[PDB]
Amino acid sequence: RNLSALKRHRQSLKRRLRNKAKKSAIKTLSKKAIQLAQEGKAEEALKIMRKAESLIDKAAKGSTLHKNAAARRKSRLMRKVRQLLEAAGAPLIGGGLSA
Amino acid sequence: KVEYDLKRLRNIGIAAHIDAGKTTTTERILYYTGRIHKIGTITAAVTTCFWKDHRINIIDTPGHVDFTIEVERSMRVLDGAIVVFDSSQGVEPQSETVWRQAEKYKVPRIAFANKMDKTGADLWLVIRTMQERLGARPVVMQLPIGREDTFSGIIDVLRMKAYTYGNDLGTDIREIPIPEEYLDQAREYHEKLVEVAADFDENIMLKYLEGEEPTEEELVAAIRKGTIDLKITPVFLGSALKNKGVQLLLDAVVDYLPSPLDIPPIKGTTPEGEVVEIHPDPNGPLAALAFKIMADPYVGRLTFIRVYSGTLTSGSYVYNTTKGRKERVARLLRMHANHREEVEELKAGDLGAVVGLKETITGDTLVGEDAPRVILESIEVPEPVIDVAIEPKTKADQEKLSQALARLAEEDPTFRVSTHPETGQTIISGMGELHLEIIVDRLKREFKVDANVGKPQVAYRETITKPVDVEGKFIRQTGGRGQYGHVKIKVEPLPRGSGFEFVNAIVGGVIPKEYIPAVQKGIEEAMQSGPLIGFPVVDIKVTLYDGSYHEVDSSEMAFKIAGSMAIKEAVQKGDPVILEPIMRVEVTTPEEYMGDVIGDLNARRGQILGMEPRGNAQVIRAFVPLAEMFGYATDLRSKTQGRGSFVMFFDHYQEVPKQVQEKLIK
Amino acid sequence: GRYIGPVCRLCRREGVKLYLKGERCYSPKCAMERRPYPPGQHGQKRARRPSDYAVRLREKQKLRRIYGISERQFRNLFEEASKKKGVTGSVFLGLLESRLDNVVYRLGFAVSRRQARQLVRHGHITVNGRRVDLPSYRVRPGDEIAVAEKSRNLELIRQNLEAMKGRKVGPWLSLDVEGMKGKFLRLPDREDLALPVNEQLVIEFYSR
RNA sequence: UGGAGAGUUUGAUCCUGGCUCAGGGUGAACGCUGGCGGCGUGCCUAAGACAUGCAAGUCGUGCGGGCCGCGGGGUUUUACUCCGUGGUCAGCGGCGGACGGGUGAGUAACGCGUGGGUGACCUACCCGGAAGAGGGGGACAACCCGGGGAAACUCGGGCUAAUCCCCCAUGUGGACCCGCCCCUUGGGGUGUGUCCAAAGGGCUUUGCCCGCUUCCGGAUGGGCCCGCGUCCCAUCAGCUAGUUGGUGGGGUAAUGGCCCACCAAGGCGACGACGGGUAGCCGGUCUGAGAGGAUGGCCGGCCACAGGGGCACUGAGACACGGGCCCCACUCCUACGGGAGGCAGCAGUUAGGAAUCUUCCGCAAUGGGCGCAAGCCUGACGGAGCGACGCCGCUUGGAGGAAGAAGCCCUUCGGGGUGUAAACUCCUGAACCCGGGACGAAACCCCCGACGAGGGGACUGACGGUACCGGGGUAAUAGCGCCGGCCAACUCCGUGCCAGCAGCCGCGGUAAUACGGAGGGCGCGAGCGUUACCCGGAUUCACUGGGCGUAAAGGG
Ligand SMILES: CC(=O)O[C@H]1C[C@@]2(C)[C@@H](C[C@@H](O)[C@H]3[C@@]4(C)CC[C@@H](O)[C@@H](C)[C@@H]4CC[C@@]32C)/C1=C(\CCC=C(C)C)C(=O)O
Ligand SMILES: Nc1nc2c(ncn2[C@@H]2O[C@H](COP(=O)(O)OP(=O)(O)O)[C@@H](O)[C@H]2O)c(=O)[nH]1
Ligand SMILES: [Mg+2]
Ligand SMILES: [Zn+2]
């Protein structure tokens, strides 16, 4: 009637549920950042962006994101942010983005 | 660990005329033989049950109802039988049949009076018949306490013990001694029993006259050694519905019912050609007969079989000589009254079902896969009695019907299909009304075919009364293939059953030698479509006494026409007469019913011919028209309540009563 | 299997005498010696001219009947000799000749091929040691065909091994009546085999 | 090293030309016969449905317990019942269930084949190299108690372990944006800034073994892209809006209208678009002198699909055949409130059909997953079974033996034939008997060594008491087709355009080598015929290798 491979499903669910979060996290967070950065919040933007970044390479560790999955998202985050901070702002605090 | 002494085998059949108690009696046997309860549907043909160190195989199905055939089939396979009787039905005219068809094969049986509780339930009354009707030597084996509504306990003479029944749920029984009165009644019947048993054991004979009582063990031996010979028939009793006399009838089983050994060996034939017994030794060649196929949803095709010699084995290989085929028996199976017992083998004399086999239909003989490729007997000959016209509506259904029998004729070879060799329409051979009737449901339902069901047609014939002579001319002279043929003939009627006779009555040769062949093929021909309705104008002599010709125009053919004209008209002219088919029939009937039997036949356009007695019966011969002869079964069986049977043959053709002349102009 | 049934009949038909029996065929009665004509009811009648086909068929039946060997096998061998590099005609004979049941007869251990076969079958023979029983076995160049030991003293073997003292054995074979041995020097040759058979025809027969 | 033609239009001829036959081949069926063995092979149809059993697991050397059998009992006695090891039951977590096995429905297409491109990528396990393994917290089952339920299970409290999760640290080093350097599609560097590592088990315990973390390289397997090749129908001629291109996003391991927004009107087609029919593709297979024609079963490679259809989750990998979700169809249980399923896995059932097998034995070998191992799983596989389905080998006898029995057939009645055939005579001795009896199996493990080389030792056979070997050993299965010509093989009797034959031409209408029987003969032989289908013959679609005045064919 049954085969103890559901042990694989039970897990299947757990894991999903886990990364499912750091997943949607980086999302909302990725936004909160570019938002300000564009809004003008020069430094306090770079702050969040620096956080977002972490949470990314952080998720890269497990099986959530991986390879360039992280690196890609980054090259776009600290890409658009910097391309909104030039909307007259001069990268204030020493956020991620390099001089 | 033998578990099979053979001498412990009881293969029995419950026969008896409808109403009775056959079926109900069986489910009951299948409750006692297996209520067990120890500190731990006739679901397929034959079933096994255990009763006091004895395996019993039952095949309840008889029914009698017109078509027996089946009853008489299980009968051949099995060894014993209970002829249940309806105690109530006293002025019982059909108690009969059943049995007179049992010794018909050669098998032993005991009697049971079932409804000993239903009004009119008079035990004696049966025996007052079981020797008055069939006339055997039954032996009172019990005497009921409380005739009918007052059905309490019962008494077994042979063992002078009394039992009782406090209910009808089959629980509160017990062996309580004789109740005050009664007693006396016993003795005498227990003496006659022993007096009867005397005609078997001399030991139980002297001891009788000396004043000693036969041992309860040597006494049984007599009765048993007496039944098995078809000399006596132990009668018992009890309301099978109220569970009474059953557990006692079950003893009655083993105690008097033959074992696969007490019975006479089956004959079979070698591939060379010579009879030979088949010995019940579970170590000789493997010889088994088949008798019932059934489609199981779980295991598929099932082929219930009765082994005689050798022993079939689970996961082996068999061989059916009948249809020269190598079947591979994979699994053996025994039907228990409630589950599927999967056993590993059936030793000679045992019965069950095999799984596998594809070409094995009814009556098949299966031997080892090297054994003498022999074929048993089985030859049963139950032909038909009632048929019908079946015209499959538009040619569409004419097919659904072909398949109809293409599977229905394997699932029941107790019939015959035939295409009337004279008029498309097909006949459906049956063995009694009901028979064809219920086919008409399945063949029309589970086959969705929707055709017609009226009656056959009659192979009429044309001919004449007065002799005539007319001209046969043809000539067509316009310019070339002249076409010139002409002849004169002498047409003259011949006795009803004369045939076809022509006469080469040409003098010098006014009609060339080479053209006569053709002038005949022309006359012979034309006679096809009658002058009245279009039927084989027969029973006449033709005389070609004249006709001329032309040197160039004549033709082999031109003459075939001219002669086909001379005839095409002599019959029209000599006053035609619509002849019809007359049959020879022989109704076997007790001169009891005879009186009306003959009547009815007279009022059937028929004229009687005689009645030279036979057995206790009497035979009647006579002629009749096939038209006024349809569905005769259910008319003969009417004027005889069942005790009537007939045959039928063709004879001659004869004029229709004129009133039936213009009738047929259809 | 190896035919069986009237033979000094085929001896006939082909009308070119054969030694299917061996000894007797030599006596005044190889059959054809007395009735040199096709069997059957007609047989002795003016024979219509043969068709271009009949001819080749008969030359095949001739050659194949000599070695008495199922058309099947006969054909396989031919179909081999063809694809074989060398004048197919000779070649074919080459193999036919290399059959153990034959080498035996040739070496004289048996009076007839029909007999030589039975011996081979019943292990009365041996090749370089291990005994063989397949008549069809094909001998290579430089083999020793000997009579087994259990055999050695069996009437038949003697008598036949007897008539051998004196007679010579094909240039492609060397026999030692004593040790009942015999080597397969070389592959027989076209002429060595004086057969009343033309290979050319037979070939042409397998070309249609 | 390879090429054969014939019959049939006429009174006769020559040409054209169609038809037809002899040859080979088959997952075959059907008919009549059928003795042995070896190696192959066996649902071609309903990709219809399917009872039953088994086809995927495994680690206690990752972790905490429940239950059971042992130690010593914790305390002074049972008490808060701990400990170490060996069974167990599930729960955790780790890998493996994406390989293996089945199938051809779909698909005319970068699906396949072949040859290449990845400055456009991925790769668990396995090798080699470099550097690490520093602190802390934290939940959820199991378990207990309580509640819903027919069932499948499920909900609520409360504990608790771990190689499970999470934060801080160090970052050999890797990831990102910016700038410069080499390079040249996103390839290597390099400086500022920023971001990220980790896990612990076993022993013989400062040393190993198995793991962990990051990074570079190898190896293996893959994704995507491109040139060329890849069937029939023009009585399918025009097709196209995410359509073709662009900019910017999203998405991905990665390119890309793969998706979206918004611009621009373009993209494709007689070199055959679009539409319709059919079909899984190849190595190969059959035939053929070759070119070519057919074809794609078994074995190997790729693809695709797992009742029909859609979809994501987990994960190195899947949109997963014995995983999940939803729709529909069908099967089953139901306390009818809701549950359980998917044999195109092995075997088998039913239906269909002309037709295609045992619910077999073994993990002994090979191979695969899990483990340090012992070992466990393994219908993959290694074998057995049934089937002349194919092919190969073998037997039913060998040597004698009559101017020649019998019977039967023909006859000119002299006789001819069957025919050395039988008989009979010797001789060998399939089958069958006692007896002996394998190869496949030498490693993993263990001991010396140094758990390396090398040396030594032990346990391992389903088939199988089979093959085979020695001894003993009886004359011991033949059919089927054909006999007018092509085409080898002819007489008699029946029959009378009847019955029947028949591939073609034709045979049969009182003497039939053509029907039916007999004798005899020819062919082949455990086979022999028939029916399907493909090549050949057919230079009869002609590239090799054809034609058009009148034969079919020149367009007004
Ligand atoms: C179950 C048993 O034992 O008999 C049953 C089963 C039964 C013998 C049936 C009578 C008759 O159909 C029988 C035939 C031959 C009817 C024709 C086919 O369909 C056969 C395949 C079928 C086999 C058994 C069957 C179906 C029975 C009856 C029927 C009684 C009918 C009436 C109207 C009284 C019986 O026994 O009375
Ligand atoms: N009252 C009563 N009825 C009975 C008894 N035995 C049988 N019957 C009835 O007989 C009728 C037919 O029974 P069945 O055995 O099927 O008849 P069969 O098949 O012809 O033997 C039913 O009404 C049964 O109830 C009995 O002992 N008592
Ligand atoms: Mg009944
Ligand atoms: Zn001769």
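One structure accompanies this document, and this report is about it. (Residues numbered from 1 in each chain as written, not as in the entry; some residues may be left out. Chains lettered and ligands numbered in written order. Part of a larger assembly, values for the part shown. Heavy atoms only, no water.)

1. Remarks on the site of ligand 2
Residues and elements named next belong to chain B.
Part 1 of the reasoning: The immediate surroundings of ligand 2 are formed by 14 residues, with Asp19, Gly21, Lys22, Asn114 and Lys118 found nearest.
Part 2 of the reasoning: At a separation of 2.5 Å, an oxygen atom of ligand 2 approaches a polar backbone atom of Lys22.
Part 3 of the reasoning: Between ligand 2 and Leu241 there is a distance of 3.3 Å, counted from an oxygen atom to a backbone nitrogen or oxygen.
Part 4 of the reasoning: Protein contact buries 71% of the 580 Å² of open area that ligand 2 shows by itself.
Part 5 of the reasoning: Residue classes in the shell around ligand 2 are distributed as four nonpolar, five polar and five charged. (Near = heavy atom within 4 Å. Polar contact = N/O pair within 3.5 Å; in protein donor to acceptor, adjacent residues only side chain to side chain. Areas by Shrake-Rupley, 256 points an atom, 1.4 Å probe, with all protein chains shown as cover. Nonpolar A, V, L, I, M, F, W, Y, C, P; charged D, E, K, R; others polar.)

2. A short note on the protein's contact with RNA strand D
Part 1 of the reasoning: Lining the immediate surroundings of RNA strand D are 102 residues, of which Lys14(A), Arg72(A), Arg328(B), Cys8(C) and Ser112(C) lie closest.
Part 2 of the reasoning: Taking all atoms of RNA strand D within 4 Å of the protein, the share assigned to sugar and phosphate is 78%.
Part 3 of the reasoning: Separating a phosphate oxygen of RNA strand D from a side-chain N or O atom of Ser54(A) is a distance of 2.5 Å.
Part 4 of the reasoning: Every element with two or more residues in the surface near RNA strand D is listed here: α1 (6-39), α2 (42-61) and α3 (67-80) of chain A, β14 (300-309) of chain B together with α1 (23-26), α2 (52-66), α3 (71-83) and α6 (113-121) of chain C.
Part 5 of the reasoning: Here the element with the most residues in the surface near RNA strand D is α1(A); it accounts for twelve residues.
Part 6 of the reasoning: When the residues that make up the surface near RNA strand D are grouped by side-chain class, the tally is 23 nonpolar, 31 polar and 48 charged. (Helix = DSSP H or I, 4+ residues; strand = E, 2+ residues; numbered from the N terminus.)

3. Notes on the pattern of salt bridges
Residue and element names in this part refer to chain B.
Part 1 of the reasoning: Overall, the coordinates contain 58 salt bridges over all chains when judged by the stated rule.
Part 2 of the reasoning: Its salt-bridge partner being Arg133, residue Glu96 comes within 2.7 Å of it at the nearest N-O pair. With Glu96 in the loop between β4 (80-85) and β5 (110-113) and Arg133 in the loop between α3 (123-130) and β6 (138-140), this pair connects stretches of sequence that are 37 residues apart.
Part 3 of the reasoning: Looking at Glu96, the relative accessible area reads 14%, which means it is buried.
Part 4 of the reasoning: A residue is classified by how much of its surface remains accessible, and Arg133, at 31% relative accessible area, is partly exposed.
Part 5 of the reasoning: For the salt bridge of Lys347 with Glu345, the shortest nitrogen-to-oxygen distance reads 2.6 Å.
Part 6 of the reasoning: According to the relative accessible area criterion, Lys347 is partly exposed, its value standing at 30%.
Part 7 of the reasoning: Through salt bridges with shared partners, a single network forms among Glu96, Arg133, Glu592 and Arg643. (Salt bridge = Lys/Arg side-chain N within 4 Å of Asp/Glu carboxyl O. Buried < 20%, exposed > 50% of the residue type's maximum accessible area, 1.4 Å probe, protein only.)

Such coordinate-based values are descriptive only and should not be taken to indicate function.
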